[PDB]
Structure formats: C-alpha cells, structure tokens
Amino acid sequence: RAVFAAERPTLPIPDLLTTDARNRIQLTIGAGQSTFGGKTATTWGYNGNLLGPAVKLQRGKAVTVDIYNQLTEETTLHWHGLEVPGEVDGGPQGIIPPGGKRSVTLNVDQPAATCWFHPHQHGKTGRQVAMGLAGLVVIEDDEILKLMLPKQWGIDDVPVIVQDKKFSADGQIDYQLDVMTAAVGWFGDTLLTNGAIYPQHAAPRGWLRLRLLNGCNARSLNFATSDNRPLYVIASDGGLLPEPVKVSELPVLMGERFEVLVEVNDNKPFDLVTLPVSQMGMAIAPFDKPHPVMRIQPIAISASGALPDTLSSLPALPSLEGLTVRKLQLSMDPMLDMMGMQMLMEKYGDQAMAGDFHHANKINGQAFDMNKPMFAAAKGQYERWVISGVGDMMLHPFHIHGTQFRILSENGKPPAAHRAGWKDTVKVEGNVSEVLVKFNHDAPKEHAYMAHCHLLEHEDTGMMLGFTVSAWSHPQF
Ligand SMILES: [Cu+2]
Ligand SMILES: [Cu+2]
C-alpha cells in the first residue's frame, strides 16, 4: 500500500463519440504527453494525448470515419472485432502516411458489443500500441437497449482499459522489440487503467457495468474483486451472452473484452484487482501478488440498471460434418526461445522461473508475408479452424479478423460458459484450439484479413497470416 499514493486519481472516461450531421466521425492520430506518477512522458493518442474515444455506432447505420495521421511515421487503423470488408479492415496493408488522410465507411451489421481499435502497422504494432494508441467501439442495437442494463456512460456504465507499461528512469515509455520481447512479450511493472495508475471511480448504489479490455501487449490478466464478490459476465468480445454467467475470477487474454456487472451495495470501497497468472514473465513482481486495477468508491445516489435473467439468443452450433477444416500450426524458432529465455533470466534472475529474430515466429512454418495470403475462405460458409501450439509453451491469444466466431475447443478443453458465445480470440498454449468461423464480407488480396497471435511482439516478428474471402475460389478461374 505504501507503494501507491494515498489519494487515487479519478478514473478518466473516454469520450463517447457519435456521428455528426453529415454521418461522419473524425479521428486524429497524434503525439502529445501524459503524466504518470508525477513524471511527464511522450504519449500518442486518438483525439487526444493517450488512448482514444469510444466510437459509438448503431447497428444498420453507415458512418464514414475520417482518419488523419498526424504522427511523423506511418500507421494503420484496425477495428478489432468488427465484421467489415477487408478494404476497411485497416490491417498492415491499410497504410496512412504521415500527414495523410483516409476515409472509411463502416456499415455496422453485427450484434451490440464492445469492440476496440488500434494500429496494425507491419512490424511496429507493439510499439504503436505501447506508445498509447487504442480506442473503443461501442456497437448498439435495439435488443441491448431494451434490456435496461446500466447505461449512464462514465457513471454506471464504465469502460475499463487495462494496460501495463515499462518506463525508464527519465519517465518515458521504454519500448523495445528485441530478442527477449520477441520471445515473451513487452511487459512492465506499472499498471494503467484508462491511462491512470490505480484510479478511483465514483459508483452509484446498484449494478455497476464494467466494459473490460485487456489492452496489454503481452500480459494476460485475471480480474476479481478485493473482497471476492462475484462478477456477472454479460458479454464477451462479440457481444451479449445468452444469460449472465456468474464468476469469481475472470481471465482475460490480450485483446479480449468482457462486460461484467458488479454489485455496489453498501458504502465500503472495494477494488477491482488482477490475480497472478501462469504466463512466462507475468508473475514476476509486482504481479506475483494480486494487483489493484481500480478502486470502486460507492456514492450516495442509486442507479437502476438491471441484471436481466435473459440477455440474448445465440444460434445453436450447426452440424460440423462437411465443413472446411483449416489447420494452423503456431511455432517459434528454437533459437528465439533459447535466447529470449536467456535474456529473461539475465534481466530478472532466478525468479523468472520461480513457478534474425524479426521473422522467428511463424504459422505453418511461415513468418508473415504481406504479399502472399495463405489461403482463400468462402464467404458465408462455416469453417472449422484448428490452431495448434503443440511444440512451444508460450501463450498465444489467437485472433481472426472479419468475424465473431464460436469456440468449439479452447486449448484442448470445451470453452467455459462465458467464453462459449461470440469471440474473436481463442487461447492457444501448448495444445490445440478449434473455432467455428464464418466471414460475412469479402477481403481481396490487396486488402486481406489477418489471423494472428495477439501477443503483439509475436505478431510483429512473424506470427500472422493473411487470408482472402470471396464467394468462391476455383483454380480454373
Ligand atoms: Cu482484429
Ligand atoms: Cu504468440
């Protein structure tokens, strides 16, 4: 406790940004500065110094987003979790030059969900996210609004973007893509919640809705409350579960979102915390013990948001016979594993095991080739993708663009109930995962979809593939 200041900063709330009268939204990508622990640091942000707004979209309504790159280097803008055509997907092919402008029209056609957006610059995604770039996407539809969930933005409906950073002694963000981070990821000893260190949020009595995003480059998290009151999971990456799922702890992989309701009953403050995980590098101090994320400070007013018995209906799993099967093998060059582990041991000592690297991470023996999509999927068809991490012991949250899928097997076991709805990420760690995926939109070679590990340093050093989606593919044509 003595390590944190007695008074907590107020939890910053990203602005909720909707369409203007011309059905447009403006996003600037820029460099500014932020203060962490009383030290100012250069940071990057969308419409601001750090992080970004929550872009709010209505299902079935078109928006054009005008994107202005005001950095001195190239970037891209990817809408993580959005079912949109490859042309507006903002993967590594969607380059926006410094001083450049690109406009994309999003025709939102998926269930209400909390998605997010971030850079996807080839080989530099880890650095650009670490510098500060990430924003949220709130998709709404008539269905979710009829539920009368907690819905006062920044009061009882609260975005919670949780990220670690490593800072140097001069206060600046200390990012590196090197042999150690290419192996185990970039991680640090300071946890940010909407950009603030251990902030406090003033919560009315009643249900409090938290839209949780693990926005770390490489660190997996496991949310719980300080007094072990339950979290009611109401939504995953791609939207509402069929019914709330009660959990006492909530593991969240890099890039995943969950929305939870937690009870604010009496006046006693309590914390959202993250519990120690079993992931290389990640249980090193200060994360060897439960670590505070946010203080919830009850206030006098009440709020009347509901915890509904029923939230939504999801389609039953279809027959799996006859469906196209795609096999993806994740791998790391053994030299990278050896050297990266050596560096981790040098940097942290014995506690690290207490419980050309630029193309050394691979899928099906291939480090990402932006000019060679690995295959073509058929639009509108359910496919079974089988992703294996047998062979190494690293954690790979495997993410597929252009879709919200259904997990069939997560790392060799059936998915937990709260992970059996709409997901865009599945854990792969020394075992095999299978997902049921359908692509509703096209993506040509020039604007292909990505499928990749979302441990950003793995992605940046090769663990990504491109794929196209069209109505059909036949070699004669
Ligand atoms: Cu994505
Ligand atoms: Cu990985």
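Residue indices begin at 1 and follow the sequence shown. Note that ligands are numbered from 1 as they come in the structure, with each ligand's atoms numbered from 1 the same way.
Remark: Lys101 fails to qualify as a cation-pi partner of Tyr68 under the 6.0 Å distance and 45° angle criteria applied to the six-membered ring.
By the 30° and 60° cut-offs, the orientation of the rings of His118 relative to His78 is perpendicular. Between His401 and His452, the ring-plane angle classifies as perpendicular under the 30° and 60° cut-offs.
Under the side chain to side chain contact (heavy atoms under 4.5 Å, CB included) criterion, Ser220 pairs with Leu253, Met254, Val277, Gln279, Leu395, sequence neighbours left out.
At least one N, O or S atom of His399 sits under 2.8 Å from the Cu ion (ligand 1).
Of all N, O or S atoms in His78, the one lying closest to the Cu ion (ligand 1) is NE2.
Separation of the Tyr449 and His441 ring centroids does not fall under the 6.0 Å cut-off.
Test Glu457, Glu459, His458 against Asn217 for side chain to side chain donor-acceptor pair (under 3.5 Å) and you get one pass: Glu457.
Of all protein N, O or S atoms, those under 2.8 Å from the Cu ion (ligand 2) number 3.
Salt bridge absent: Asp460 and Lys124 never bring a charged side-chain N and a carboxylate O closer than 4.0 Å.
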